[PDB]
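Note sheet for the following structure.
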Amino acid sequence: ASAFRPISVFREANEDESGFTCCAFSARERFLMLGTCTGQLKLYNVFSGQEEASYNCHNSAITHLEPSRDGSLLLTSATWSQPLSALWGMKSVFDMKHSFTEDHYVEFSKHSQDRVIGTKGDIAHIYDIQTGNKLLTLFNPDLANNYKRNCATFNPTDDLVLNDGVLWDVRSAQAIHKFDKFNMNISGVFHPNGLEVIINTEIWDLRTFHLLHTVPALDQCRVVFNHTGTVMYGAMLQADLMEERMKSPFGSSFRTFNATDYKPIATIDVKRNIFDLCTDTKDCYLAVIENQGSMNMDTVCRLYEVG
Amino acid sequence: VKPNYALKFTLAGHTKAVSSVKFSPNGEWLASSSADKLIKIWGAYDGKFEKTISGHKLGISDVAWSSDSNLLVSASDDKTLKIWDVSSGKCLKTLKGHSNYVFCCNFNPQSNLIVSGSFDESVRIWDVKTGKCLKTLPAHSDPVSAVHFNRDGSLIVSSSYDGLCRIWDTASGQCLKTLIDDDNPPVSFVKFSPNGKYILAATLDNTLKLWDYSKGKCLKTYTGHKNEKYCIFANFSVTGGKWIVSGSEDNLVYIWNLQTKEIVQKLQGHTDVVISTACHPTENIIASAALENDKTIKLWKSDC
């Protein structure tokens, strides 16, 4: 994953200032879901570039998507507004199923997608998709690390949760390790292989809690894997000053890492500010949202083929 | 660069305590409201004694314009809001329906809807072109200290003495959110940040907090001033540097740095509690008004 061939681009249709703000390959083949800077969820043919559907989902910019593996459900988070996070049905007709009115970030469980885990500040809320019941509430003030950009996440087998840098056993809802706070914002993800935990630049061992790796270039990055968790992608965030002018979450470049030994592969600078990036289900494509600038945002989805 | 607030013009001629000041959406005029039942206009750079408006029987706590700077809505202690033709001062309409004093009033960006908070312990959405009351929101268990509209107009932020800051869905009237500190001190002022993501809010334990109201967390807290008994109207400052400005109950007006909470500048001079301050949309200008022991306005200009 060092070569990246442009395959197609498209901008938001009918909009002088294109407002795509996040993307995710849908379970359907040739199609990408993009949330937009104005609450909307669009459906696009990643190759033709044609817009296929449009759904007003929130009344503020969409920050995060996650389509379900089976094609039937979608999660969305927003920036401000009620609900902060919503779960949508998608089988032949787009309707809301649930809504998590205070979670500013939501994500499906990993093993069987039988639970949504949502984040509110330093708190994690697991819900149940059929009913919407809050099964758990994971937080511990004696252990909280107050990560500015915390996102509670499930592990591959749903056995564990990580939230504010604390490791939780879901069966007993008992925190089983705090990882020392070494940065102000990044809370960590579980490695897809399930053997290690990546918290900002620290790669910890999940079984011994040993430091296995220092990776300075993952400082402040969000991280995304290829489907097979053999390539790692890191885009670095940017920054709190001043009022607002619709500031892109990431800078202008991203990096690829061997997912196994964290040795670097390539640095990819697209000379444009990145809002989001995602990888497909078949390991062929990386799709990136890239601001072109205006008098204040004008983004285009670029679909790259990985090499 | 730290500010250089310089006292430019002082405005006298108010019979009693003056409670609220504002600059025009154009910034050529300064509108003030007093416990003397009067609304007055002054020269928004030079401070010139303009027209003076009248018709409210009791005191007036606060005064807001519309987008085109053509109508004020005064909120009076006679349970009344009135919309005024700024050009003539001929009261356009007298909004009616609150049960007790009306203390806070404002419009939405399309200069068509009125939002009022009151001691009747409610908030109200009015129609400016007709004056009818659209909505009665049992906003709080107590008198309602501020009401504000965001840069679009689909949210109402409200203050209350019950420590409850609150956010409202205008098009529906639903209570979108409900801020609470872990404690419950009263909140005496609230407004949106000019970028809409955030909320300034004053409380009466000498506190002034900036909030991100959808994540529900306090992102900064400025202090040092005196705010224990009175509802001082505080402001942002995004003309030069990004500041935070607010009057006080030791007859001063304190300014902190927006993003570092530090006591950047102080401005003394008044004789009583500084109850109101506004900042000119364009220029780096500070207005400030105090209660009956002063009964005057005062203007400060900064190079930044």
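By convention here, the chains of the structure tokens are called A, B, ... in the order presented, each chain's residues are numbered starting at 1, and ligands are numbered starting at 1 in the order presented.
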Listing only residues of chain A within 8 Å of chain B, what is the closest atom pair and its distance in Å (to one decimal) for each, using only C-alpha atoms, sorted by chain and residue number ascending, as a Markdown table?
| residue | atom | partner | partner_atom | distance |
| --- | --- | --- | --- | --- |
| A:79 | CA | B:214 | CA | 7.5 |
| A:80 | CA | B:214 | CA | 4.9 |
| A:81 | CA | B:214 | CA | 6.4 |
| A:82 | CA | B:176 | CA | 6.1 |
| A:84 | CA | B:214 | CA | 7.3 |
| A:102 | CA | B:215 | CA | 7.1 |
| A:103 | CA | B:215 | CA | 7.9 |
| A:104 | CA | B:215 | CA | 6.5 |
| A:120 | CA | B:215 | CA | 7.0 |
| A:121 | CA | B:215 | CA | 6.9 |
| A:240 | CA | B:259 | CA | 7.7 |
| A:241 | CA | B:259 | CA | 6.3 |
| A:242 | CA | B:242 | CA | 6.5 |
| A:243 | CA | B:195 | CA | 5.9 |
| A:244 | CA | B:195 | CA | 5.5 |
### residue 297 of chain B environment, 8 Å, only C-alpha atoms, sequence neighbours closer than 4 positions dropped, as an MDAnalysis selection string
chainID B and resid 10:12 18 287:290
Emit the selected residues as a PDB file, in the first residue's frame, including N, CA and C atoms.
ATOM      1  N   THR B  10     -18.774  59.862  26.845  1.00  0.00           N
ATOM      2  CA  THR B  10     -19.685  59.487  27.924  1.00  0.00           C
ATOM      3  C   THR B  10     -21.051  60.117  27.686  1.00  0.00           C
ATOM      4  N   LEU B  11     -22.097  59.324  27.862  1.00  0.00           N
ATOM      5  CA  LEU B  11     -23.457  59.741  27.562  1.00  0.00           C
ATOM      6  C   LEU B  11     -24.244  59.824  28.864  1.00  0.00           C
ATOM      7  N   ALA B  12     -24.694  61.024  29.203  1.00  0.00           N
ATOM      8  CA  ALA B  12     -25.607  61.217  30.314  1.00  0.00           C
ATOM      9  C   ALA B  12     -26.951  61.687  29.784  1.00  0.00           C
ATOM     10  N   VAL B  18     -30.020  52.784  34.064  1.00  0.00           N
ATOM     11  CA  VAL B  18     -30.044  52.289  32.692  1.00  0.00           C
ATOM     12  C   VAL B  18     -29.640  50.820  32.721  1.00  0.00           C
ATOM     13  N   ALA B 287     -19.358  49.395  24.834  1.00  0.00           N
ATOM     14  CA  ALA B 287     -20.362  50.176  25.537  1.00  0.00           C
ATOM     15  C   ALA B 287     -20.560  49.607  26.937  1.00  0.00           C
ATOM     16  N   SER B 288     -21.043  50.456  27.843  1.00  0.00           N
ATOM     17  CA  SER B 288     -21.175  50.059  29.239  1.00  0.00           C
ATOM     18  C   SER B 288     -22.151  50.988  29.951  1.00  0.00           C
ATOM     19  N   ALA B 289     -23.109  50.400  30.670  1.00  0.00           N
ATOM     20  CA  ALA B 289     -24.142  51.139  31.383  1.00  0.00           C
ATOM     21  C   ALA B 289     -24.283  50.590  32.801  1.00  0.00           C
ATOM     22  N   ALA B 290     -24.609  51.491  33.741  1.00  0.00           N
ATOM     23  CA  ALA B 290     -24.678  51.203  35.170  1.00  0.00           C
ATOM     24  C   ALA B 290     -25.987  51.716  35.765  1.00  0.00           C
TER      25      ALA B 290
END
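Across the model, the gap from atom CA of residue 179 of chain A to atom CA of residue 213 of chain A is 14.6 Å.
Of the residues under consideration (B:178, B:30, B:270, B:248), B:30 shows the shortest atom-to-atom contact distance to residue 46 of chain B when counting only C-alpha atoms.
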### Task
Taking the DSSP assignment computed from this structure's backbone, write out as a PyMOL selection string all residues of segment 87-276 of chain A that belong to strand (DSSP E).
chain A and resi 87-89+95-100+105-108+116-120+123-127+134-138+153-154+160-163+166-169+174-178+189-190+196-199+202-205+211-214+221-225+231-237+250-258+264-269+274-276
### Message
Using only C-alpha atoms, which protein or nucleic acid residues come within 8 Å of residue 25 of chain A? Drop anything in the same chain fewer than 4 positions from it, and give the result as a ChimeraX atom specification.
### Response
/A:31-33,67,278-281
### Message
I'd like the contact shell of segment 294-302 of chain A - 7 Å cut-off, only C-alpha atoms, skipping same-chain residues fewer than 2 positions apart - returned as number ranges by chain.
### Response
A: 8-11, 17-20, 245-246, 287-292, 304
Write to file, as a PDB file, in the first residue's frame, the residues of the selection just made, with C-alpha atoms.
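The resulting file, out23.pdb, is shown below:
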ATOM      1  CA  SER A   8     -12.590   8.636 -10.155  1.00  0.00           C
ATOM      2  CA  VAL A   9     -13.630  11.965  -8.544  1.00  0.00           C
ATOM      3  CA  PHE A  10     -16.965  13.537  -7.951  1.00  0.00           C
ATOM      4  CA  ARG A  11     -18.319  16.587  -6.116  1.00  0.00           C
ATOM      5  CA  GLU A  17     -19.874  24.575  -2.722  1.00  0.00           C
ATOM      6  CA  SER A  18     -19.669  20.814  -2.448  1.00  0.00           C
ATOM      7  CA  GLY A  19     -20.256  19.760   1.125  1.00  0.00           C
ATOM      8  CA  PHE A  20     -19.241  16.101   1.435  1.00  0.00           C
ATOM      9  CA  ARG A 245     -14.813  28.835   9.573  1.00  0.00           C
ATOM     10  CA  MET A 246     -15.615  25.127   8.796  1.00  0.00           C
ATOM     11  CA  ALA A 287     -11.693   6.817  -0.865  1.00  0.00           C
ATOM     12  CA  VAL A 288     -10.765  10.246   0.513  1.00  0.00           C
ATOM     13  CA  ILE A 289     -12.660  13.507   0.945  1.00  0.00           C
ATOM     14  CA  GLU A 290     -10.462  16.465  -0.055  1.00  0.00           C
ATOM     15  CA  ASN A 291     -11.221  20.166   0.335  1.00  0.00           C
ATOM     16  CA  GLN A 292     -10.608  22.244  -2.764  1.00  0.00           C
ATOM     17  CA  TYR A 304      -7.890   5.787  -5.261  1.00  0.00           C
TER      18      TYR A 304
END
### Task
Name the residues in contact with residue 152 of chain A at a cut-off of 10 Å, using only C-alpha atoms, excluding same-chain residues fewer than 4 positions from it; report them as a PyMOL selection string.
chain A and resi 105-107+117-126+138+161-166+187-189
### Query
Given the choices B:33, B:164, B:152, B:132, which gets closest to residue 59 of chain A if the distance is worked out from only C-alpha atoms?
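Once distances to residue 59 of chain A are computed over only C-alpha atoms, the minimum belongs to B:152.
Between atom CA of residue 294 of chain B and atom CA of residue 17 of chain B there is a distance of 7.2 Å.
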### Task
Record the distance separating atom CA of residue 267 of chain A and atom CA of residue 252 of chain A, expressed in Å with one decimal.
10.9 Å
### Query
Could you name the residues that touch residue 201 of chain B at 12 Å or less, counting only C-alpha atoms, but leaving out those on the same chain fewer than 5 positions away, as a ChimeraX atom specification?
/B:145-148,157-160,163-166,179-181,185-193,206-213,218-223,231-236,244-246
Could you list, as a PDB file with N, CA, C and O atoms, in the first residue's frame, every residue within 8 Å of segment 196-202 of chain A, counting only C-alpha atoms and ignoring same-chain residues fewer than 2 positions away?
ATOM      1  N   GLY A 165      -9.113   5.229  27.405  1.00  0.00           N
ATOM      2  CA  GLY A 165      -7.868   4.564  27.733  1.00  0.00           C
ATOM      3  C   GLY A 165      -7.973   3.494  28.796  1.00  0.00           C
ATOM      4  O   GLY A 165      -6.936   3.019  29.272  1.00  0.00           O
ATOM      5  N   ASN A 183      -1.100  11.685  26.139  1.00  0.00           N
ATOM      6  CA  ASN A 183      -1.474  12.647  25.119  1.00  0.00           C
ATOM      7  C   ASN A 183      -2.839  13.152  25.520  1.00  0.00           C
ATOM      8  O   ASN A 183      -3.502  12.552  26.369  1.00  0.00           O
ATOM      9  N   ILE A 186      -6.114  11.507  21.818  1.00  0.00           N
ATOM     10  CA  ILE A 186      -6.388  10.199  21.204  1.00  0.00           C
ATOM     11  C   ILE A 186      -6.565   9.128  22.283  1.00  0.00           C
ATOM     12  O   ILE A 186      -5.699   8.944  23.151  1.00  0.00           O
ATOM     13  N   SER A 187      -7.679   8.388  22.209  1.00  0.00           N
ATOM     14  CA  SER A 187      -8.012   7.398  23.228  1.00  0.00           C
ATOM     15  C   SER A 187      -7.634   5.970  22.857  1.00  0.00           C
ATOM     16  O   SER A 187      -7.609   5.104  23.738  1.00  0.00           O
ATOM     17  N   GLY A 188      -7.378   5.684  21.590  1.00  0.00           N
ATOM     18  CA  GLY A 188      -6.910   4.364  21.236  1.00  0.00           C
ATOM     19  C   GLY A 188      -7.973   3.550  20.518  1.00  0.00           C
ATOM     20  O   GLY A 188      -9.180   3.770  20.647  1.00  0.00           O
ATOM     21  N   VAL A 189      -7.496   2.578  19.748  1.00  0.00           N
ATOM     22  CA  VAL A 189      -8.342   1.579  19.122  1.00  0.00           C
ATOM     23  C   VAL A 189      -7.723   0.222  19.426  1.00  0.00           C
ATOM     24  O   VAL A 189      -6.593   0.121  19.899  1.00  0.00           O
ATOM     25  N   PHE A 190      -8.520  -0.820  19.217  1.00  0.00           N
ATOM     26  CA  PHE A 190      -8.057  -2.202  19.255  1.00  0.00           C
ATOM     27  C   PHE A 190      -7.551  -2.584  17.878  1.00  0.00           C
ATOM     28  O   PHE A 190      -8.203  -2.302  16.869  1.00  0.00           O
ATOM     29  N   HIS A 191      -6.392  -3.233  17.842  1.00  0.00           N
ATOM     30  CA  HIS A 191      -5.880  -3.711  16.573  1.00  0.00           C
ATOM     31  C   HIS A 191      -6.831  -4.782  16.034  1.00  0.00           C
ATOM     32  O   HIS A 191      -7.374  -5.580  16.809  1.00  0.00           O
ATOM     33  N   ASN A 193      -6.237  -7.564  14.641  1.00  0.00           N
ATOM     34  CA  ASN A 193      -5.842  -8.917  14.998  1.00  0.00           C
ATOM     35  C   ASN A 193      -6.166  -9.277  16.441  1.00  0.00           C
ATOM     36  O   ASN A 193      -5.949 -10.425  16.828  1.00  0.00           O
ATOM     37  N   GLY A 194      -6.629  -8.331  17.258  1.00  0.00           N
ATOM     38  CA  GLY A 194      -7.069  -8.652  18.604  1.00  0.00           C
ATOM     39  C   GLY A 194      -5.974  -8.940  19.607  1.00  0.00           C
ATOM     40  O   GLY A 194      -6.272  -9.357  20.737  1.00  0.00           O
ATOM     41  N   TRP A 204       0.371  -1.045  22.777  1.00  0.00           N
ATOM     42  CA  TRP A 204       0.440  -1.903  23.956  1.00  0.00           C
ATOM     43  C   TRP A 204       0.039  -3.332  23.625  1.00  0.00           C
ATOM     44  O   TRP A 204      -0.825  -3.579  22.780  1.00  0.00           O
ATOM     45  N   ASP A 205       0.618  -4.273  24.359  1.00  0.00           N
ATOM     46  CA  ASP A 205       0.202  -5.663  24.247  1.00  0.00           C
ATOM     47  C   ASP A 205      -1.071  -5.935  25.059  1.00  0.00           C
ATOM     48  O   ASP A 205      -1.171  -5.555  26.232  1.00  0.00           O
ATOM     49  N   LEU A 206      -2.041  -6.607  24.435  1.00  0.00           N
ATOM     50  CA  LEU A 206      -3.328  -6.815  25.082  1.00  0.00           C
ATOM     51  C   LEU A 206      -3.264  -7.872  26.177  1.00  0.00           C
ATOM     52  O   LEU A 206      -4.121  -7.880  27.074  1.00  0.00           O
ATOM     53  N   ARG A 207      -2.262  -8.744  26.151  1.00  0.00           N
ATOM     54  CA  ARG A 207      -2.207  -9.837  27.113  1.00  0.00           C
ATOM     55  C   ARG A 207      -1.236  -9.591  28.262  1.00  0.00           C
ATOM     56  O   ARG A 207      -1.493 -10.036  29.381  1.00  0.00           O
ATOM     57  N   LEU A 211       4.755  -2.397  26.459  1.00  0.00           N
ATOM     58  CA  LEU A 211       4.957  -1.546  25.293  1.00  0.00           C
ATOM     59  C   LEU A 211       5.700  -2.345  24.230  1.00  0.00           C
ATOM     60  O   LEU A 211       6.835  -2.766  24.451  1.00  0.00           O
ATOM     61  N   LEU A 212       5.054  -2.575  23.088  1.00  0.00           N
ATOM     62  CA  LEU A 212       5.620  -3.355  21.988  1.00  0.00           C
ATOM     63  C   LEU A 212       6.297  -2.497  20.931  1.00  0.00           C
ATOM     64  O   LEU A 212       7.136  -2.998  20.180  1.00  0.00           O
ATOM     65  N   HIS A 213       5.977  -1.218  20.881  1.00  0.00           N
ATOM     66  CA  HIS A 213       6.266  -0.385  19.730  1.00  0.00           C
ATOM     67  C   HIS A 213       6.016   1.058  20.104  1.00  0.00           C
ATOM     68  O   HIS A 213       4.981   1.376  20.705  1.00  0.00           O
ATOM     69  N   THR A 214       6.933   1.934  19.717  1.00  0.00           N
ATOM     70  CA  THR A 214       6.656   3.354  19.662  1.00  0.00           C
ATOM     71  C   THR A 214       6.548   3.744  18.199  1.00  0.00           C
ATOM     72  O   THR A 214       7.403   3.379  17.396  1.00  0.00           O
ATOM     73  N   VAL A 215       5.480   4.446  17.849  1.00  0.00           N
ATOM     74  CA  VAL A 215       5.277   4.855  16.470  1.00  0.00           C
ATOM     75  C   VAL A 215       5.024   6.357  16.486  1.00  0.00           C
ATOM     76  O   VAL A 215       3.869   6.789  16.567  1.00  0.00           O
ATOM     77  N   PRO A 216       6.056   7.187  16.456  1.00  0.00           N
ATOM     78  CA  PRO A 216       5.809   8.630  16.583  1.00  0.00           C
ATOM     79  C   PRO A 216       4.850   9.204  15.535  1.00  0.00           C
ATOM     80  O   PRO A 216       4.028  10.074  15.867  1.00  0.00           O
ATOM     81  N   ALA A 217       4.913   8.738  14.284  1.00  0.00           N
ATOM     82  CA  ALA A 217       4.093   9.297  13.215  1.00  0.00           C
ATOM     83  C   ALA A 217       2.620   8.957  13.347  1.00  0.00           C
ATOM     84  O   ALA A 217       1.807   9.466  12.560  1.00  0.00           O
ATOM     85  N   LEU A 218       2.247   8.082  14.269  1.00  0.00           N
ATOM     86  CA  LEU A 218       0.836   7.931  14.560  1.00  0.00           C
ATOM     87  C   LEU A 218       0.343   8.928  15.594  1.00  0.00           C
ATOM     88  O   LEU A 218      -0.835   8.888  15.958  1.00  0.00           O
ATOM     89  N   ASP A 219       1.201   9.823  16.062  1.00  0.00           N
ATOM     90  CA  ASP A 219       0.762  10.849  16.989  1.00  0.00           C
ATOM     91  C   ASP A 219      -0.394  11.641  16.394  1.00  0.00           C
ATOM     92  O   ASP A 219      -0.279  12.212  15.311  1.00  0.00           O
ATOM     93  N   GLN A 220      -1.519  11.638  17.101  1.00  0.00           N
ATOM     94  CA  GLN A 220      -2.655  12.498  16.830  1.00  0.00           C
ATOM     95  C   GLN A 220      -3.427  12.070  15.600  1.00  0.00           C
ATOM     96  O   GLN A 220      -4.237  12.837  15.077  1.00  0.00           O
ATOM     97  N   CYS A 221      -3.212  10.853  15.137  1.00  0.00           N
ATOM     98  CA  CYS A 221      -3.883  10.388  13.939  1.00  0.00           C
ATOM     99  C   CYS A 221      -5.144   9.626  14.289  1.00  0.00           C
ATOM    100  O   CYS A 221      -5.224   8.952  15.322  1.00  0.00           O
TER     101      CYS A 221
END
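Minimum atom-to-atom distances from A:13, A:57, A:3, A:270 to residue 44 of chain A were compared using only C-alpha atoms, and the lowest value belongs to A:13.
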